[PDB]
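All remarks here apply to the structure that follows.
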RNA sequence: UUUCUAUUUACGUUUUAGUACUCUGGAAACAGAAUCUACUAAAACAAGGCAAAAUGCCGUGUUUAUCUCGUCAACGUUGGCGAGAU
DNA sequence: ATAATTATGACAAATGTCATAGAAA
DNA sequence: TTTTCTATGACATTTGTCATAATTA
């Protein structure tokens, strides 16, 4: 539960309720953290891990994907590549 | 504060009180986590970051290898220590000098590892005696020693350091 | 001539750099560095352990000789008699009964004598590498020797185990004496013996020199009797010459150390912060006489105040508070608690001295018995078994009483007591001496590295005084590292810390997604230490906000730098710009007391104390700086800060400072000498931006020294710190004023541009330095007529030693076994092939069969094989000692003749040299003289004519000039091939290779045999001037030594 | 701040000698051979230098530019002293 | 309308930071 | 002796969970 990454989620433009739904942590706790009524240090490791895991997914940018497709006989091969699966 | 690393410190042989003094956390909590009366998840990030920072240093274990070498009579003792065996050789040739180990041992091992025949270079008690040829071999890109053979460099010298005993500490 | 100048010293562990600065113009008259090979305790442990051996060998030989002479007297042993075939063990057992023939008897007596065994069981001084301690071994042997004498046990071991020698044959002298007298009582009934002979033989068998008798007559390391023994072991006290130094664990000196700690303690109370005579007596009595190990909590309870108010005490490495305890007094109370013993200072002192000097308990009990005290006989036996009293040289008792009296009455500390009393060393009269005397450095107890550095530094001072006149000011820095083993440990630890911080920084850069962390390392280090909490307002601080808006937070100093003189991260914090602006050049105490802060002082203290304990993020000094309630305006408090941060306090620097100050005061020379802390020069290096690199060679030890001298000039151009100078030699400003005072890089570019950095090295003419590496390798003769050294493979059965394997597969013909005994090679090979996978096939064989590799036998009764000998290499240089070993079929040689010096000759236009080896310098009394015959033989071996002109003679580190490139000789590599070894004068070659990233081998080796146009000799004085040396026309034969 | 000394034990590297080992001649007594591997005694264990039946004694550490003047000492060269120079 | 989001609680059950207890060596 | 070892708990405070009441486009 890196303090810096959890800090990025709390300072993100993502909604407190929206973060809460995905994290599973209460919107109340998220709001009181942004309010400062609560401190990140006093947070249970379980809750801290959930916030850290949720923030990790957003750092999936810069991906490059290649498609190798073989015809049923494994003989003729079709290959294409691009930034997003689209 | 990765749960796995804290789980590793809890599973360590270090005394609950020993970790507490170093981390600043209470022996009570560490002992209760180990007993299982307390869940690592329920711990605060503040206290867990402390236990995590402790493990970090232990996780990256740094081996310290201390060379104790006694002269044949067991009377005069030579001792050097360093991080990788290569460091042990480099300290022993600085503090106590090269002429303590057998003459020209570093060169002889390098030539042997590359695969050259030692006899051609006239290996002697003084060691490489055909300096002219050694210089040519050095010119060729030699294959360097692998930090597991500096031990061999120390244990193939009996001129003065007859009894050699290496102690390796991991922490 | 006469030029006012400031002198600066950088006294390292392997160098002493000196620098000269103009008093007026910040100029640089001369810089340099004296060098010397690192002193090591080991070498002296070498000479001493060996001396200790030669002596054991000499005493054994002398006892054998005396017994042989005695047996000639009674006609039992005669020159004609042959003692060759008699077996010692079988004869001792027979003679314990029956009769012994004249030979067998002689063999047995000579035999016991060769080996008497230990006397004081614990007297032994050795490591437990044998896995069986000496005391436990004697205990087991005695438990086995209840009804059997020594000979019986040894013979039984030889017949059953097959061995006698080893670590199992360590006995006690009493059993040997019993066996000797038992056999003699029987054998005297058949041969002509008298009780005088019996007593003489028993005496010779058990005689031994006690530790307080020393060597015999005529020894330089001896003493006439026991009073002289006290004098030698204790030594005359430097402070009062006629009085001898006392022991350290003695009660009075314990009281002195404890009172030092008690005086140092500061307690925040309505009374004075320093404790006064009456409550000091109360605390010392109660705490240090009722509890074995005093703690801070006990002090707080007895004075009934808060432990939170106690500051200024020594702390252990683990953070536990440390208080020196009256160990001897509690040890007394443990056994006996009567009043008559514990309140007698002289009795307790004498008890301590006896326990410390007399190692043997039997001597201790006797010495207390001779002391007419109130001790009872039963109590003396128990007190005699006390241990851990092992300090010999400590301040004299007469001076200890004087210091204790002043300590009791006043709240002062030792340093200022010494200044007030003006105690001056009196071992050597400073008035008569023309130059600072290097003798005084011997007395202070300093490690040999520091002693050598001090002697070299004093010689540098003498040379500079003789050359450029009297120095107006001297600044002395002793470097932090105690010895090299610490320089590496520290460098390794620092590297590890740097790596962990780099790991934090790189992870932060990725998580933030910004590169701001690259210049934000100082703040980000502070953030987690404060846990993102403004220490002045308690408000939580986001790490991301610090990267996004670095200007919203600033690195403020807890204490103003005009007094704190501390610029470490301990004195730095991350605070709100408004908090720093409101705080000013003041202390956090009065500011949190003031209404400007948005938090109360008590809550601040509570948060600081809990934070300090948690996560070890607040250092010990950090909370003291934060909670410094005492006003900085007080002169004593500013002085305390200067001493803790700017003035060195280690014993070594002080002793050198006191010696120099006493010398300058006695001669009435207006010379101010001052010291600088190790971190201050690092800070002043950092802020003047001189730290480009640390591998430019030795010129680093010079440059730092220059900066040191510059410090003096910046402590007199500004009156704001001028008073502080008067404090160091013996108002309050903001931090930007501090930057204005110290950062200013004007006339400091001179250190950057100066290039004439003279260097010098210490020539080592000492003769008898060492002769031949000791390992008496045997030799054999091969088919081709050469001679091969026979190295022996050892520890074959050990798990990690794979030598046998590698040799077997690569070259079997090298094991002597291959030809002299073939069958056994077949057994070894079959074993190596089957279990070849393991690193050590022999260990795996032992792990499955449980048998060592026995020699091949038809009956399978062969002995074990633990050493296999193998031909190794050919023989080139050797000190042939074969003459000592009689009738040797094969030669016996030693290797690596250590060269003493080499003399260069110019014959027929070509330069050759003859190596005067150390073996050719024979010693007659005081003088050391070069063996003429061996020198002539070596000269003729080099094909040198008798009219060859003599050029020079080079010892170690004498400067040589070959073909125009200067070098320093380390010693000749191979004489036959005419190769000498030189390392460059400025930077050690190993470093010269790294600054070019070259991979050439590390030792420059140059050849003088041919194509050598010039071989001149240059020499350099302790300062470092380079003067070409014109030597004498005959090589030196007699060195006074 | 922890150096400088002090006494002692067992080992240990080596040679010789002996007993086992290996081998050949050979029925072998033994004769040898080989000197390899284990024990066992004795001897040497920095080159050596004193000393003279002594609980004997020194030899791997500290201190070190070189040349010179004179002074003094050991003994001519080294000292040591001083005073210079390079 | 309406839904997602934003602020405060209540409460059972923990936690950090201090002890002590008894043991163990 | 005595001095750290685990274990257990006290207490003031804070959690996590599970609510509301409001809010705005």
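One-based numbering along the chain as shown.
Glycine too: its Cβ is placed from the backbone N, Cα and C atoms.
What Swiss-Prot says about this protein:
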REGION    C:1-41  region 'RuvC-I'
ACT_SITE  C:10  active site, for RuvC-like nuclease domain
BINDING   C:10, C:477, C:481  Mg(2+) 1 binding site
BINDING   C:10, C:481, C:701  Mg(2+) 2 binding site
REGION    C:435-481  region 'RuvC-II'
DOMAIN    C:480-646  domain 'HNH Cas9-type'
ACT_SITE  C:557  active site, proton acceptor for HNH nuclease domain
BINDING   C:777  RNA binding site
REGION    C:898-1041  region 'PAM-interacting domain (PI)'
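Neighbour count (other Cβ atoms within 10 Å of the Cβ, all protein chains): 28 for residue C:10 (active site, for RuvC-like nuclease domain). Considering other CB atoms within 10 Å as the measure, the emptiest surroundings among the binding-site residues C:477, C:481 are those of C:481. In this structure, the CA atom of the residue listed as 'active site, for RuvC-like nuclease domain' is 5 Å away from the CA atom of residue C:477 (Mg(2+) 1 binding site). Using a 10 angstroms CA-CA radius around residue C:557 (active site, proton acceptor for HNH nuclease domain), none of the binding-site residues in C:477, C:481, C:701, C:777 qualify. In the three-state DSSP classification, residue C:557 (active site, proton acceptor for HNH nuclease domain) falls within a strand.
In space, C:481 is the closest of the binding-site residues C:477, C:481, C:701 to the residue listed as 'RNA binding site', judged by Cα positions.
Reduced to three states, the DSSP call for residue C:777 (RNA binding site) is coil. Cβ contacts within 10 Å of residue C:701 (Mg(2+) 2 binding site), excluding its own Cβ and spanning all protein chains shown: 23.
DSSP states for the region 'PAM-interacting domain (PI)' (C:898-1041), grouped as helix (H, G, I), strand (E, B) and coil, give 19 helix, 64 strand, 61 coil. Each residue contributes its Cα atom, and for residue C:477 (Mg(2+) 1 binding site) and residue C:701 (Mg(2+) 2 binding site) those atoms are 11 Å apart. Put simply, residue C:481 (Mg(2+) 1 binding site) is 14 Å from residue C:701 (Mg(2+) 2 binding site) when counted between their Cα atoms. All chains included, 20 other C-beta atoms sit within 10 angstroms of the C-beta of residue C:557 (active site, proton acceptor for HNH nuclease domain). According to its DSSP assignment, residue C:701 (Mg(2+) 2 binding site) is helical. Of all the Cβ atoms in the protein chains shown, 22 others lie within 10 Å of the Cβ of the residue listed as 'RNA binding site'.
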